[PDB]
Amino acid sequence: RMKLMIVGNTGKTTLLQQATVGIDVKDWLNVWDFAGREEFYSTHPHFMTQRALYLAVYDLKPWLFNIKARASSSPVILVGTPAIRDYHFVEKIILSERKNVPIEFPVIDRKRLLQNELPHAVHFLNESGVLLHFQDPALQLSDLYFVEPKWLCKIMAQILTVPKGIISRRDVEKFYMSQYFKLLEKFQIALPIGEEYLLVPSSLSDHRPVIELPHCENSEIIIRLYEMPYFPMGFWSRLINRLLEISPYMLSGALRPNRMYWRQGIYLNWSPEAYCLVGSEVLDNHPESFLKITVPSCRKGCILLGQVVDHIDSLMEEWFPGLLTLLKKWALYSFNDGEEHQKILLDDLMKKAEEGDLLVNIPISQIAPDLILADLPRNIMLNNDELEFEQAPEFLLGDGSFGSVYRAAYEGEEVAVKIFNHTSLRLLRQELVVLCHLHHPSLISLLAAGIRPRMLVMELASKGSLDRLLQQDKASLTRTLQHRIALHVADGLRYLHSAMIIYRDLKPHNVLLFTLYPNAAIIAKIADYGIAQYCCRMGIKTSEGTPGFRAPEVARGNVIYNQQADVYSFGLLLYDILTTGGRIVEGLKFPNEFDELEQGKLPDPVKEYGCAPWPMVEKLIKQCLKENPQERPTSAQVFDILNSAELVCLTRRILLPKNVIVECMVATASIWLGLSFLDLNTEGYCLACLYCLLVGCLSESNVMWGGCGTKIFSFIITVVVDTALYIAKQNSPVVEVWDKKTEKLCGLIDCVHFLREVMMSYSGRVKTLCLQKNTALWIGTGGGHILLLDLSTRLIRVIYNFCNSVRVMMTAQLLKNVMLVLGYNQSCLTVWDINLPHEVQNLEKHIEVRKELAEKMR
Ligand SMILES: C[C@@H]1CN(c2cc(-c3n[nH]c4ccc(OC5(C)CC5)cc34)ncn2)C[C@H](C)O1
Ligand SMILES: Nc1nc2c(ncn2[C@@H]2O[C@H](COP(=O)(O)OP(=O)(O)O)[C@@H](O)[C@H]2O)c(=O)[nH]1
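For the sequence shown, counting from 1, position 102 maps to 130 in my numbering; every step adds exactly one.
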């Protein structure tokens, strides 16, 4: 029905009559008596929900922060010993089925065996105390339906009750098991640090050690204060997890530092000149909570001051809204390095840093080097004299999330300048996370970054954005170019996702084209990091993205999502690339319905927009547009699917009816079958041994050859004629080569060896051959394997995973030559682009050239 929650410090269980290790539940009203110990605080922000009445026992506060974070409106009642209301002191059928849970551990994978209903019915039940289905994409545990929620609350913090605060996995195991270790980390209870050790941020040492960190003088350290009224519920578990997962990449961007933990604070040190002491502080006569950050006042010690500050500021934008103001940032400074530090508000010091980088009664570059961006590389600092920038509508390029890209020229080159409109330094520095520290041939390159006008200077895309290409010039979107656009964008996502960064808005407007030459090394780049954020391991919570270009789990802001939200965005981008304008053009002509169908009721691309069919990409779109984010392939797999020449050159995959078993076929665009008929345009369901009219193995290249029995005649399955003589017999895994001039065997070709090199499945029995003028030979093996071999050097690629046994191979004229192949599986009439042997080499060279470029930039 409706559930009640009793929250408060140690001083609850006794009050429940009308030592609490857990959130034990004794329903009458459904009570959720919490734990007052400070050790359990980090794990149960999650269990506070909207449909609950809150009771507080202060006895004779961080609790209300998350009370007014999951739901602003809540009937909070206070008793003794921001919605205060008292100071007295002292889907219905599934509920019955879910009540009975006769299992060992109360977890059920799916309700189908036990039993738009499910997904919504469970949420209402989840809002009650019947069961806990977290179903958040980040947690990756939506397949677990936790019945008897009192079990989950009880045995999930038993690790912290059974040096001071580190526990190994084996000790927990020595006390259906891998899911337990996932629950521990995903609730910020026991996060891994080593291969066999769990940190357990809670229940660490209560008091910090005695640290004699090398630099003690005022002129050798930089101190940053983060005064708060109180530490938000489970703040340090979030911060410690964030700081030990970025530690190897905090100076270089992989140097593992020496780390210390005391449950409020962390000490990272790479050297006596490169350390960082993030830790809580307690000032006398101050009822506040501080967060001191001490770093050395050197070049290598300023770099990771702006790293820690960026990772703490971001950690409150996505995880602790409300502190942003309750939280005020100070900056300790002292003129003579013998006196006591003095503090100035970081906002007040930002005003003095906008007009001259000096502070008068010492430079600002040592008080707070991150407001003047003095910690980012010295080569990306704006020289305002060499900037010819106008800010006129005639020079407007695009409108970014928070700025407006204008055209300008910097250092003589013609570049693009972004002006932040009303904004803060955080927006400039949040986008600076990706522009520097990450270099890739598929990410826009930053040339300079100013602070006085607060602009970014990116390189200029020669040919504009992809959105204009789709909507204006549709004639230049060749099939070999719009594949490279998707390949380059998928490579950009792969680097961003591998670098802890979720991009959030991937749309054609943010895809920049530097050339329309299909064979160039760099064609597409992704720009605009306005909403890119760190997705550390805990996912992201805040929801951003343009409607119609975002994942379904992003439109609904209640869940916390992960980097898989960009794969769905990529699936829509590749959906638009395949359909050119298509949905986007209709989207601007139908507002508030562009995101209505994303849901995800996207129609078939060929059926509606009438594009040229592209198999293995329509399949890729279908498996990227998955409602379940776990079913979507990762960005490292989307690139791997796109990085294949069989995907590019596969044109038609007509599927014949069941058990038709066609054995002969001839071309004419329509294809004949045998007697049947098939039209390529509408896909509507020996011939002209025979030759077109010799009647039988006949080929010519006017010299004509033939084959009968086990001998070759001129005036055994197939006869292939070239400068040499290629022929194979029935059930012959080897193809022999002959010479017309000598009438003698000149070597043999064995397909089994080629198949053996690639890691009775592999038939290898030759069933047909076909030759192409590009010194490449097509061999049809007994399985679903196709061998491409040079005619001169005598392997290109082995084509597989499209049928079960290739029957007949031939070349036809579609205005494009195609190598249409018929094979059994059910039988299918596969059609391949004749340039497949070339595209295997061109794409192989293209990846290697870009691979060298990626190492070159870093
Ligand atoms: C057609 C015209 C348009 N053009 C461009 C350039 C750009 C561009 N370049 N560099 C950028 C860096 C960032 C950037 O942030 C976006 C994606 C937020 C707009 C855009 C550009 N974006 C559109 N159009 C270049 C000229 C030659 O051609
Ligand atoms: N004298 C007195 N003691 C109380 C009162 N209410 C609770 N207590 C004491 O508080 C203890 C209950 O602790 P409790 O809040 O349940 O611990 P927690 O659930 O772990 O936070 C009992 O042992 C009582 O002795 C009261 O009104 N008067």
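All residues carry an ideal CB built from backbone N, CA and C; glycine is no exception.
- Message: Give the list of continuous beta strand (DSSP E) stretches no shorter than 3 residues that lie fully inside the region 148 to 235.
- Response: 173 to 175
- Query: residue 864: which of 827, 294, 329, 496 sits nearest, CA to CA?
  - Reply: 827
- Residue(s) in a DSSP beta bridge with residue 364: Residue 364 is not bridged to any residue.
- Got a sec: does ligand 1 put a non-hydrogen atom nearer than 7 Å to the Cβ of residue 489? yes
- Item | Minimum length 4: unbroken alpha helix (DSSP H) runs contained in the region 634 to 690 | Segments of the alpha helix (DSSP H) lying fully in the region 634 to 690: 646 to 652, 663 to 670, 673 to 677.
- Output the distance between the C-alpha atoms of residue 184 and residue 652, rounded to the nearest integer angstrom. 34 Å
- Task: Identify which residue in 132, 308, 136 has its Cα closest to the Cα of residue 889.
- Result: The structure shown does not extend to residue 889, since the chain is modelled only from 29 through 886, so no value can be given for it.
- Message: Could you compute how far the alpha carbon of residue 127 sits from the alpha carbon of residue 62?
- Response: 22 Å
- Item | Any non-hydrogen atom of ligand 2 closer than 7 Å to residue 71 Cβ | no
- Item | Segments assigned alpha helix (DSSP H), at least 4 residues, entirely inside the region 418 to 467 | 453 to 463
- Return the chain-ordered list of same chain residues with a C-beta closer than 7 Å to the C-beta of residue 605, the five sequence neighbours on each side being excluded. 510, 513, 514
- For residue 477, verify whether its CB is less than 7 Å away from any heavy atom of ligand 1. no
- Coil, strand or helix - residue 531 by DSSP: coil
- Query: With respect to the alpha helix (DSSP H) encompassing residue 877, which residues constitute its N-terminal and C-terminal limits?
  - Reply: 864 to 885
- Item | the region 764 to 772 contacting the region 782 to 792, beta-carbon criterion three pairs below 8 Å | Note that the region 764 to 772 does not touch the region 782 to 792; fewer than 3 beta-carbon pairs, one per stretch, sit closer than 8 Å.
- Item | Closest Cα partner of residue 497 within the set 455, 540, 332 | Comparing Cα positions, the closest option is 540.
- Message: Taking its Cβ as the centre, do 16 or more other Cβ atoms sit within 10 Å of residue 567, making it buried, or is it exposed?
- Response: buried
- residue 809 to residue 656, Cα distance in whole Å? 38 Å
- Task: May I ask which residues mark the beginning and end of the alpha helix (DSSP H) holding residue 96?
- Result: 91 to 98
- Task: Return helix, strand or coil for residue 298, following the three-state DSSP convention.
- Result: Correct three-state label for residue 298: strand.
- Item | Where residue 566 falls: helix, strand or coil (DSSP) | coil
- Confirm the yes/no value for this check: CB of residue 178, any heavy atom of ligand 2, distance under 7 Å. no
- Those residues which DSSP pairs with residue 822 across a bridge: Bridge partners of residue 822: none, in fact.
- Query: residue 342: beta carbon under 7 Å from a heavy atom of ligand 1?
  - Reply: no
- Message: For residue 351 and residue 344, I'd like the C-alpha separation in whole angstroms.
- Response: Rounded to the nearest angstrom, the two C-alpha atoms are 7 Å apart.
- Item | Check whether residue 552 and residue 587 have beta carbons under 8 Å apart | no
- Message: Let me confirm a value: residue 631 is counted as buried when at least 16 other C-beta atoms fall within 10 Å, else exposed. Which label applies?
- Response: exposed
- Please classify residue 94: is it buried, with 16 or more other beta-carbons within 10 angstroms of its beta-carbon, or exposed? buried
- Message: Taking 8 Å as the limit between beta carbons, can you name the residues of its chain near residue 389, skipping five residues before and five after?
- Response: 363
- residue 105 vs residue 98 beta-carbon contact at 8 Å: The Cβ atoms of residue 105 and residue 98 do not sit closer than 8 Å to each other.
- Query: So, helix, strand or coil for residue 695, using DSSP?
  - Reply: strand
- Message: Just list the residues that DSSP pairs residue 735 with in beta bridges.
- Response: 740
- Query: Cβ atoms of residue 882 and residue 468: under 8 Å apart, would you say?
  - Reply: The Cβ atoms of residue 468 and residue 882 sit closer than 8 Å to each other.
- Item | Opposing strand residues paired with residue 836 [DSSP bridges] | 850
- Can you tell me whether DSSP reads residue 338 as helix, strand or coil? In this structure, residue 338 counts as helix in the three-state DSSP scheme.
- What did DSSP end up calling residue 80 once you bin it into helix, strand or coil? Residue 80: strand per DSSP, three-state reduction.
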